[PDB]
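A short write-up of the structure that comes next.
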Ligand SMILES: [Zn+2]
């Protein structure tokens, strides 16, 4: 197949390896090493429970990664929509970049003032009018208590270092996204993943066949293109 | 696409898209629960002049 | 958030819609009644703002 | 925050002030000076004229059933749905123990005070490794 | 109405205010333009209304010398209002310390030039408020002066504005 | 900054003051509640223009109280704060985290992170001053300050300032 598609597979692999738990790593590595899976065959292959299978599948729904498939031969199947995964990763990295940049921009500014009695946040410009009559302590409107400055102004370099180190870690992912932008975006289907069927077992009761009924006139969400 | 025939039921909504797109008449509707997410998103994809026409 | 077996989650979210609808008003088309203990029904808002000294 | 209102006459200041309440007009007056402090008192008897939470705990008990302007087809669904949240709380076992000590005390014709004190005695511990089961009836006995 | 966001940064580069538009309407039904006033002319024109209301009060009981003025209008303002307007004494001190021309007729001749030139009103009001003499350092200080106006024309009006003003 | 605009303002008056000479009384009234006033919309209001031929012309008696209100349309001089303007204001009070410059109506303050680090700050000064060549807080204390934003709030108006610009700060 496409070497850029192999780069995409290793990219998803490294994303889960370096940024998710080992059960997620094992699940995604199993479904890339093999192809679309019935749940019973995966439970045989890993010898696990559905209680353990649950939160992994739920978080992979939450990150919009695994495309489930449901059809009767009812038999549950799983694959990954490639542009959904690419755009979900793209929105994730863009939100990480913007959120961490704005957090770093706020954290580069000095702290504010903390009131230990009411345990609430305050800023420097809010504390400009919180000076007392003698400019000694920062008076509190409620507690009548002095206000003490936080420890976040030295977390400016910590957020900067976290952003830079995370940027270095995601720099192979940024390069892979650049090579994807060089290449052509391609859309997965359940039948497309069926064309790359890698046989896990020999007694799978769930037949890996896409068999829509005659007069399958439905257009379903997550299953069609504009 | 079609609109599905919508029957009011209890505290939710269902729709049966007849949609008849096979070689025969293909009268085969699927009764799917109208998910408040998809009604919300399709409402989010309406024009402002359509709101003025629809009294919103 | 945890492992949803795709049967309890639908009736649970229906219960969420049911209870927010019942809190909203309890004078709906009478498939439920949906009281809370004791035997007096829970007094919702159309009961709060109806005729005969209902707040208006 | 200290969560505190203290009432003091702004013109006498002799102590925490010797003040009285005129409930017939719902006002408070420093008895020395004769000036009001505040007005529009809230009644403290009319709510008791209007209408076991300590034993049922902070979570609140709710029995559900049927009415007149409802349907049997869904009140039977309600009757089979009333046990769909009894496993979320241990209060189903607390109220099963409460029902069973009610069975026992009214079986021995014991009064309301004896019933509520047995409810208190269960609610006191209700869970220890010293308790450890022990047939579940030994603790109620 | 829909929170009316209208997010505008205020700057000297024709980045105007949200209420201080160029075009309004007036109470007579005629179009009221924006009015901006420089530091020198503001200090000159306030004394007209000051002496007018002072002689107006003197008639009510009947029925340029800034060293005089800083104490004189302090006495007048504490006569009618309270002594809380030490802030106003500071504002008029700013109006009279750093305005570009002390006298009135130099500012008036500048205005008589500007009514014929027809320059941009906010731009030349900012120029009258500021007190500088050479256009290139004025440009490097203010990027609105950098981008809005050519330096050669800015200098050729700056010298015939700066010859009149009393140097400090 | 120092601007002229038509303003219409409504004022009321107690019914015991219904004597023959109340127009001038209303005039006096307009002077003390126009003078010494800072609003969020138009900044500080300095004084009044065009004392003669003022327009009040009619008033309404309140139905429940004998007080009557009167709207007054007038010309006035006001100060309007803005963002990004170099001004040569004066400093009266100073703090260790930064000096408090009094430019007209505001007390514009520069916080500890907005003074340039190449300014040779000395902690041992009374008041603590940030001087390198000539920008010393004095009895004159004329310091070129730029208000890059005047933060109007609930009505204790404060402006923020900076001297992180070439020739800004120094005079
Ligand atoms: Zn008293």
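Chains as they are written, first to last, in the deposited numbering: chain U, 2 to 74, 83 to 235; chain C, 169 to 224; chain B, 281 to 336; chain D, 16 to 66, 84 to 173; chain F, 14 to 76, 117 to 221; chain E, 1 to 171. Every residue gets a Cβ at the ideal spot worked out from N, C-alpha and C, and that includes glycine.
- The three-state reading of DSSP puts residue 117 of chain E in coil, since its state is none of H, G, I, E or B.
- Interface annotation, residue 93 of chain D: in contact with chain B, CB-CB separation under 8 Å.
- The beta carbon of residue 134 of chain F sits closer than 8 Å to some beta carbon of chain E.
- Taking a beta-carbon distance threshold of 8 Å, residue 59 of chain D does not count as an interface residue toward chain B.
- By the Cβ-count criterion, residue 47 of chain E is buried, with 16 or more other Cβ atoms from all chains shown falling within 10 Å of its own Cβ.
- Interface criterion not met: the Cβ of residue 22 of chain E is under 8 Å from no Cβ in chain F.
- Remark: three or more beta-carbon pairs, one from each stretch, lie closer than 8 Å, so the stretch 87-99 of chain D and the stretch 109-124 of chain D are flagged as touching.
- Nearest Cα to residue 92 of chain E within the set E:109, E:165, E:37 and E:15: E:109.
- Against chain B, the beta carbon of residue 179 of chain C has neighbours under 9 Å at 294, 297, 298, 301, 308, 311 and 312, listed in chain order.
- The set of residues with CB atoms less than 6 Å from any heavy atom of ligand 1 reads, in chain order, D:24, D:26, D:27, D:45, D:47, D:48 and D:50.
- Residues of chain E whose Cβ lies closer than 8 Å to the Cβ of residue 119 of chain U are, in chain order, 111, 112 and 113.
- In the three-state scheme derived from DSSP, where H, G and I count as helix and E and B as strand, residue 2 of chain E is classed as strand.
- Take residue 167 of chain F, set aside five residues on each side of it, and the residues of its chain with a beta-carbon closer than 8 Å to its own are 177, in chain order.
- For the set U:135, U:173, U:151 and U:185, the Cα lying nearest the Cα of residue 106 of chain U is the one of U:173.
- The beta carbon of residue 214 of chain F sits closer than 6 Å to the beta carbons of 163 from its chain, once the five residues preceding and following it are set aside; these are given in chain order.
- At least one CB atom of chain F sits nearer than 8 Å to the CB of residue 88 of chain E.
- By the Cβ-count criterion, residue 330 of chain B is exposed, with fewer than 16 other Cβ atoms from all chains shown falling within 10 Å of its own Cβ.
- The C-beta of residue 157 of chain D has fewer than 16 other C-beta atoms within 10 Å across all chains shown, which makes the residue exposed.
- The beta carbons of residue 2 of chain E and residue 55 of chain F sit closer together than 8 Å.
- Residue pairing for residue 88 of chain U: DSSP places it in a beta bridge opposite U:68.
- Three or more pairs of CB atoms, one per stretch, sit closer than 8 Å, so the stretch 122-134 of chain U contacts the stretch 146-164 of chain U.
- Within chain U, the residues placing a beta-carbon under 8 Å from that of residue 189 of chain C are 224 and 226, ordered along the chain.
- The Cβ of residue 56 of chain U sits no closer than 8 Å to any Cβ of chain C.
- Between residue 4 of chain U and chain C, the shortest Cβ-Cβ separation is not below 8 Å.
- Taking a beta-carbon distance threshold of 8 Å, residue 70 of chain E does not count as an interface residue toward chain F.
- Any Cβ of chain F closer than 8 Å to the Cβ of residue 57 of chain E would place that residue at the interface, and such an atom is absent.
- Along the length of the stretch 114-193 of chain U, whole alpha helix (DSSP H) runs at least 4 residues long occupy 133-136 and 164-191, reported in chain order.
- According to the DSSP secondary-structure assignment, residue 77 of chain E is paired through a beta bridge with E:4 and E:47.
- As the crow flies, the alpha-carbon of residue 117 of chain U is around 40 Å from that of residue 6 of chain U.
- The stretch 32-42 of chain F makes no contact with the stretch 11-31 of chain E, as fewer than three CB pairs between them are under 8 Å.
- For residue 207 of chain F, the enclosing alpha helix (DSSP H) stretches over residues 204-215.
- Assignment of residue 54 of chain D by DSSP, reduced to helix, strand and coil, places it in the coil class.
- One thing to note: residue 297 of chain B has its Cβ within 8 Å of the Cβ of residue 179 of chain C.
- Under a criterion of Cβ atoms nearer than 7 Å, the residues of chain E adjacent to residue 134 of chain U are, in order, 151.
- A direct Cα-Cα distance of roughly 17 Å separates residue 162 of chain E from residue 104 of chain E.
- In the DSSP assignment, the residues bridged to residue 185 of chain C are C:198.
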